[PDB]
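Build me a model:
(one chain, ligands or ions: 6)
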Amino acid sequence: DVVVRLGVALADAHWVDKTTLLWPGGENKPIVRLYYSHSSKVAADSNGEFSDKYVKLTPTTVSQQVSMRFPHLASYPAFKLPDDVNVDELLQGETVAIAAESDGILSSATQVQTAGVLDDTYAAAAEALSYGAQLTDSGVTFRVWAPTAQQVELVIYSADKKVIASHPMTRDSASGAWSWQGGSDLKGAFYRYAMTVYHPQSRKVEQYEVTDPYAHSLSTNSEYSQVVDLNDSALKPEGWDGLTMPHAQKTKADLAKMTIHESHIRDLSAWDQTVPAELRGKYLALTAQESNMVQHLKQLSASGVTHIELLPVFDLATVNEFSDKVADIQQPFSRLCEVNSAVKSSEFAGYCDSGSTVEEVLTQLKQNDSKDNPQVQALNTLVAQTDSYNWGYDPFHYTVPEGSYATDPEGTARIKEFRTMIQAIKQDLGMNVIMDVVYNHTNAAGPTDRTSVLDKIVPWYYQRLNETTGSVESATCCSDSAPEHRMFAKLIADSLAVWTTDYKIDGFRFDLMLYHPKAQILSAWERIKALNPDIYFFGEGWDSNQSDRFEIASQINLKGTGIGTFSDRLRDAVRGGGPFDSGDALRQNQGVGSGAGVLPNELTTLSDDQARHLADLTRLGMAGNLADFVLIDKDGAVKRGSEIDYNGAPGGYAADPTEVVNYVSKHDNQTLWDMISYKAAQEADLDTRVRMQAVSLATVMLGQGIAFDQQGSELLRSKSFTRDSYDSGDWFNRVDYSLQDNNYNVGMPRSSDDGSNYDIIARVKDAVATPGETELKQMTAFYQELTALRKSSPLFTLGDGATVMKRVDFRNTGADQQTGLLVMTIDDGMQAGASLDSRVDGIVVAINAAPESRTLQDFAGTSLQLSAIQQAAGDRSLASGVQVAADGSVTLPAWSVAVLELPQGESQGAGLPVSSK
Ligand SMILES: OC[C@H]1O[C@H](O[C@H]2[C@H](O)[C@@H](O)[C@@H](O[C@H]3[C@H](O)[C@@H](O)[C@@H](O)O[C@@H]3CO)O[C@@H]2CO)[C@H](O)[C@@H](O)[C@@H]1O
Ligand SMILES: OC[C@H]1O[C@H](O[C@H]2[C@H](O)[C@@H](O)[C@@H](O[C@H]3[C@H](O)[C@@H](O)[C@@H](O)O[C@@H]3CO)O[C@@H]2CO)[C@H](O)[C@@H](O)[C@@H]1O
Ligand SMILES: [Ca+2]
Ligand SMILES: [Ca+2]
Ligand SMILES: [Mg+2]
Ligand SMILES: [Mg+2]
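Numbering: from 1, shown residues only. Ligands and ions are numbered 1, 2, ... in the order given. Pasting the structure now:
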């Protein structure tokens with residue numbers, strides 16, 4: 001045969017199943033071959049010939065199975081391998097697709113992406129097995145999937161990290177998994193997998209030790225995995241096996257009551273001097289029953305907050321778990337200098353031999369901090385490199401608790417402490433627990449990074465790659481994963497199963513769910529429902545550009561599935577603007593909650609029509625953002641929810657309100673208070689802004705969607721205008737449970753991301769006083785009033801979309817509406833069906849997001865009464881000053897919220913029937 005002669009570039013050939021290669025470079029070329037070398041690079045010798053073995057490819061047509069699996073490759077020129085190819089032999093080393101002209105002169109040569117053929121060859125067999133260090137009756141079975149590795153050894157380490165054994169593992173030909181079976185004496189042992197494996201990024205047969213991707217226990221800072229039996233009673237708090245979910249999640253009416261408090265382990269306790277010092281920033285702070293923080297959460301729970309959602313508490317990578325390598329702001333500046341060489345070489349080096357703590361230094365820097373001298377963030381940006389603080393969207397191991405939140409990060413101790421926290425939240429605080437999970441990316445990839453785990457063990461399989469270059473994509477921020485590949489889908493479901501069964505997690509929030517296939521999220525839900533039939537899944541289902549590779553798990557595509565998604569519709573209508581706003585747009589783009597139209601600031605050009613459009617989105621969201629809900633829009637037109645525009649997209653997208661998570665604040669982007677501070681008119685005084693915060697939250701808390709909120713909205717939480725505070729430390733993320741202030745105006749935010757906002761910040765920042773104890777207590781009262789109202793009646797939380805459509809309506813709609821007045825009715829009368837609430841025949845929710853008093857005549861002649869919960873709050877109520885006249889007319893003061901009711905008599909009454917449209 002013809003010798004190819006006369007280098008390798010890119011990686012645009014795709015070996016997608018046993019006998020199919022997709023490659024643009026082989027088109028119309030007469031000689032197309034797949035060369036391979038076990039132990040070196042497919043390269044030309046001194047002669048210039050390609051002497052490595054090869055498999056010849058013949059042009060062919062893309063099969064239907066291939067086009068279904070990889071629609072983004074379906075137009076690639078297809079080539080067929082001989083049916084007798086030993087795929088397992090080729091996959092052990094480098095493969096290169098080579099095209100040549102009829103004489104054998106090289107036309108192009110490229111590397112091969114093999115994830116498709118790996119799935120087609122091994123995935124079914126490998127999916128039938130279980131992975132990790134698995135303690136059994138007979139002892140232990142280790143198993144790791146590594147279908148391309150040339151060798152795998154199990155390295156066993158002593159407690160002091162001395163090698164005590166290195167065991168060659170046994171490869172299973174059908175699955176490509178490696179196993180090793182031993183005695184029960186290996187319980188508690190540390191271990192890694194010694195890999196000998198070709199990595200296409202380096203084109204080397206690499207040799208390295210890697211922790212177990214199915215690790216369930218770790219040494220300090222995740223350097224070694226550890227054999228554990230999570231069922232061990234020594235790893236459980238007393239009574240763990242009997243722990244029950246305090247809030248039901250079985251029916252859609254159950255789910256709709258979900259009211260989420262999105263929290264972070266350090267944000268909760270890092271500043272609370274009434275938490276024991278040894279527990280600040282730890283899981284166990286939730287057991288400090290006498291602390292300000294825990295007492296505050298207990299009162300929130302009593303008032304109707306039902307779920308704590310935890311920011312990453314799986315093993316993140318971006319905090320060093322070796323305490324001697326970390327300095328926090330409560331510690332001496334001298335400690336910071338000894339762990340942080342960037343500080344020691346900085347303009348702040350003069351503080352190294354001082355006797356001040358870092359937070360004492362930051363405090364003194366506040367007075368002269370400004371846009372022209374952003375020195376608080378200058379020092380804090382250095383502190384952030386070596387402190388204990390990160391949101392943790394940086395996955396190191398998916399199925400071990402984070403070590404730095406434990407009092408002892410070495411070994412199994414963190415498992416019991418994590419469970420002690422979960423038990424404290426459920427049994428002692430009475431709230432369910434949601435975990436934020438981040439399967440959409442890894443912290444790192446490639447053969448060299450300390451935190452690259454999956455991509456060292458099966459290179460180029462667990463990460464999503466560019467079709468041409470083979471580079472790991474970074475749409476997520478970081479190292480994009482590939483949940484469309486079967487063995488990572490399995491890893492995800494197996495991981496969720498441990499969190500569900502062994503840690504008793506009640507629901508899961510999928511970070512960047514839009515990068516997952518719809519089919520994969522649904523398959524995971526099917527598998528977890530077998531373990532916990534009431535588990536709830538939701539996530540960020542924005543529109544993504546992965547739609548060319550598979551049907552994405554988005555808001556639109558999840559309609560009717562029961563998987564929830566955050567809604568950005570009510571969020572942006574009430575907050576104003578969008579997450580991408582910068583500069584003067586942050587002030588111009590007022591929301592319903594900050595007086596769009598009705599209380600304009602000096603920069604906005606918002607029209608009355610535009611303000612009323614935001615109210616349409618807000619009403620639609622209060623009714624659960626349903627595609628088929630019927631309302632009267634700003635022009636008097638009859639519209640389904642899907643016909644209300646949201647930046648060119650159909651606004652209403654859901655089938656049931658339990659598919660919609662409404663919110664006006666979250667860990668991402670500016671806090672609600674900082675948004676109100678950007679947007680409020682200069683003449684809106686401090687007490688008005690507090691009511692703006694409460695009016696904004698009322699659209700969520702009194703709405704039919706699931707209610708979600710940021711830890712501290714009830715305390716007017718500020719991040720000093722920081723938009724993206726993931727690494728902004730204790731300083732900018734502070735929540736003060738002693739109620740002295742809301743952390744506003746503690747220095748200009750990080751210049752790298754908010755520098756473009758310094759001008760507008762300086763112009764708005766000092767408009768009114770910073771909240772103090774009086775305002776914090778009044779906001780907490782407002783907040784607990786809203787959650788208590790939501791909790792008090794099943795009419796707020798109907799759950800079923802058809803039931804919402806049969807019962808929920810709006811008044812003050814159309815072209816003659818009073819702008820900013822949101823009036824929702826919920827029917828419990830005879831035309832709705834059964835009475836769901838024996839105390840009332842109907843409810844009216846009136847939110848007057850306006851600086852005028854408003855009078856309503858819609859309920860004239862009815863028996864309407866102000867809710868007793870709000871009457872009991874007196875002049876501290878959001879309904880303070882509301883008047884219900886004899887004739888049924890109702891007057892609301894400025895910036896007020898009233899829940900009114902028709903009292904139910906001896907039999908079900910007429911109620912508030914939905915108007916015909
Ligand atoms: O150094 C790694 C990575 O750090 C930074 O990315 C972080 C984001 O800045 C931060 O906002 C957070 O992003 C997550 C959101 O909080 C979450 O709600 C959702 O939208 O997913 C995001 C990604 O998980 O965390 C990331 C990762 O730590 C930085 O911006 C990146 O450039 C950098 O590569
Ligand atoms: O991924 C890294 C990224 O994380 C954070 O950005 C997130 C936004 O904060 C968050 O609002 C969301 O953005 C979506 C909009 O909300 C939605 O209305 C629509 O426009 O889609 C947007 C995403 O396409 O998600 C992003 C992505 O996580 C963080 O703030 C960034 O700094 C960081 O770069
Ligand atoms: Ca940090
Ligand atoms: Ca793409
Ligand atoms: Mg960690
Ligand atoms: Mg009733």
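
need the contact list for residue 890.
Counting by Cβ atoms under 8 Å, 6 or more residues apart in numbering, residue 890 touches 844, 846, 855, 856, 859, 864, 882, 883, 884, 898, 900. (C-beta placed from N, C-alpha, C; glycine too.)

ok, of these, which come out buried?
844, 846, 856, 859, 864, 882, 884, 898, 900 (16 or more other Cβ atoms under 10 Å).

What separation do you get for residue 263 and residue 425?
Relative to residue 425, residue 263 is positioned 10 Å away (Cβ to Cβ, to the nearest Å).

what's the overlap in contacts for the two?
With Cβ under 8 Å, 6+ apart, residue 263 and residue 425 have common neighbours residue 308.

How far away from the center of its chain is the longest helix along the chain?
Determined from DSSP state H, the single longest helix within the chain is helix 773-792. With Cα atoms, centre = their mean, to the nearest Å as the basis, helix 773-792 stands 26 Å off its chain's centre.

For the next helix or strand after that helix, could you pull out the residues that count as buried?
Where DSSP states H and E defines the elements, the next helix or strand beyond helix 773-792 is helix 801-807. Under the neighbour-count criterion of 16+ other Cβ under 10 Å, helix 801-807 has 801, 803, 804, 805, 806, 807 buried.

Could I get the contacting residues of the second one?
Contact criterion Cβ under 8 Å, 6+ apart gives residue 833 as the residues in contact with residue 803.

With the third one instead?
Contact analysis of residue 804 by Cβ under 8 Å, 6+ apart lists 623, 624, 626, 629, 656, 657, 704, 798.

Try it again at 7 Å.
623, 624, 626, 629, 657, 704, 798 (Cβ atoms under 7 Å, 6 or more residues apart in numbering).

Buried ones among those residues?
Judged by 16+ other Cβ under 10 Å, buried ones among the contacts of residue 804: 623, 624, 626, 629, 657, 704, 798.

wait, doesn't the fifth one sit right on residue 621?
No: the pair formed by residue 657 and residue 621 falls short of the contact definition of Cβ atoms under 7 Å, at 9.6 Å.

anything in contact with each of these two?
Taking Cβ under 7 Å, 6+ apart as the criterion, residue 657 and residue 621 both touch residue 705.

from the stretch 351-500 of the chain, which residue is nearest to ligand 2?
residue 477 (3.8 Å; Cβ to the nearest ligand atom).

Around that residue, count how many other residues there are.
Using other Cβ atoms under 10 Å, residue 477 is surrounded by 12 other residues.

Helix or strand for residue 910, just tell me which one.
Residue-wise, residue 910 maps onto no helix or strand under DSSP H and E.

could you pull out the strands for the stretch 101-250 of the chain?
106-113, 132-135, 140-145, 151-157, 163-168, 170-171, 177-182, 190-199, 204-210, 225-226 (DSSP state E, counting those that start in this stretch).

Ok, which of these comes nearest ligand 6?
Nearest to ligand 6, of all the strands of the stretch 101-250 of the chain, is strand 132-135, at 52.7 Å by Cβ to the ion.

Is residue 638 bridged to anything, and to what?
Beta-bridge partners of residue 638, counted by DSSP bridges, are residue 632.

Next one: it from residue 654, what distance?
20 Å.

Of the two, which one has the most company?
residue 654 (28 against 10).

residues of the longest helix of the chain that come out buried?
For helix 773-792, by 16+ other Cβ under 10 Å, it's 775-776, 778-792.

what's the answer for stretch 896-915, then?
Buried residues in stretch 896-915 (16+ other Cβ under 10 Å): 896-902, 904, 908-909, 911-914.

For residue 679, which residues are in contact?
576, 587, 590, 591, 594, 601.

distance of it from ligand 3?
Residue 679 sits 30 Å away from ligand 3, going by Cβ to the ion, to the nearest Å.

Once you drop chain neighbours, what's closest to that residue?
residue 594 (4.0 Å; Cβ to Cβ, 6 or more residues apart in numbering).

could you measure that neighbour against residue 772, distance?
From residue 594 to residue 772 the distance is 21 Å (Cβ to Cβ).

if we can go back for a sec, closest one of the buried ones among the contacts of residue 804 to ligand 6?
residue 798 (12.9 Å).

near ligand 6, which residues of this structure?
828, 835, 837, 904 (Cβ under 5 Å from the ion).

how far away is the third one from residue 917?
Spelled out, that is residue 837. For residue 837 relative to residue 917 (Cβ to Cβ), the value is 25 Å.

higher neighbour count, the two?
residue 837 (17 against 9).

and the more buried one, that one's in a strand?
No: residue state for residue 837 (DSSP: H, G, I helix; E, B strand; the rest coil) corresponds to coil; a strand is not indicated.

got the residue ranges for the helices in the stretch 801-917 of the chain?
801-807, 868-872 (DSSP state H, counting those that start in this stretch).

now these in CSV, with distance to residue 496?
Below are the helices of the stretch 801-917 of the chain laid out as CSV (distance: least, Cβ to Cβ, whole Å):
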stretch, distance to residue 496
helix 801-807, 27
helix 868-872, 38
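
Throw these into CSV and include distance to ligand 2, thanks.
Shown next, in CSV, are the helices of the stretch 801-917 of the chain (distance: least, Cβ to the nearest ligand atom, whole Å):
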stretch, distance to ligand 2
helix 801-807, 22
helix 868-872, 33
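
To residue 506, which of those helices lies closest?
helix 801-807 (23.1 Å; Cβ to Cβ).

picking up where we left off before, for ligand 1, find the nearest of the helices of the stretch 801-917 of the chain.
Taking these one by one with Cβ to the nearest ligand atom, helix 801-807 is closest: 26.9 Å.

any idea how far the residue in the stretch 251-400 of the chain positioned nearest to ligand 6 lies from ligand 3?
Relative to ligand 6, the nearest point of the stretch 251-400 of the chain is residue 253 (14.5 Å; Cβ to the ion). Relative to ligand 3, residue 253 is positioned 42 Å away (Cβ to the ion).

For residue 95, what is the enclosing helix or strand?
Residue 95 belongs to strand 94-100 when assigned by DSSP H and E.

List the neighbouring strands of that strand plus their orientation.
Strand 94-100 is paired, per DSSP bridges, with strand 31-37 (antiparallel), strand 106-113 (antiparallel).

burial count for the residue of the chain found nearest ligand 1?
Going by Cβ to the nearest ligand atom, ligand 1 is nearest to residue 393 of the chain, at 3.5 Å. The tally of other residues near residue 393 (other Cβ under 10 Å) stands at 21.

quick one: contacts for residue 142?
With contact taken as Cβ under 7 Å, 6+ apart, residue 142 is in contact with 133, 154, 179, 180.

Mind picking the two most distant members of those?
Of all pairs in the contacts of residue 142, the most separated under Cβ to Cβ is 133 and 179 at 11.0 Å.

For the two, indicate the residue with more neighbours.
residue 133 (26 against 18).

bridging residues for the more buried one?
residue 142.

measure it to residue 66 for me?
For residue 133 relative to residue 66 (Cβ to Cβ), the value is 37 Å.

thinking again about what came up before, can you redo the strands paired with strand 94-100 as TSV, where the extra columns are distance to ligand 5 and mean neighbour count?
Listed next are these as TSV, based on distance: least, Cβ to the ion, whole Å; neighbours: other Cβ atoms under 10 Å:
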stretch	distance to ligand 5	mean neighbour count
strand 31-37	38	22
strand 106-113	31	21
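
Let me know which of the ones you listed is the nearest to residue 16.
strand 106-113 (8.6 Å).
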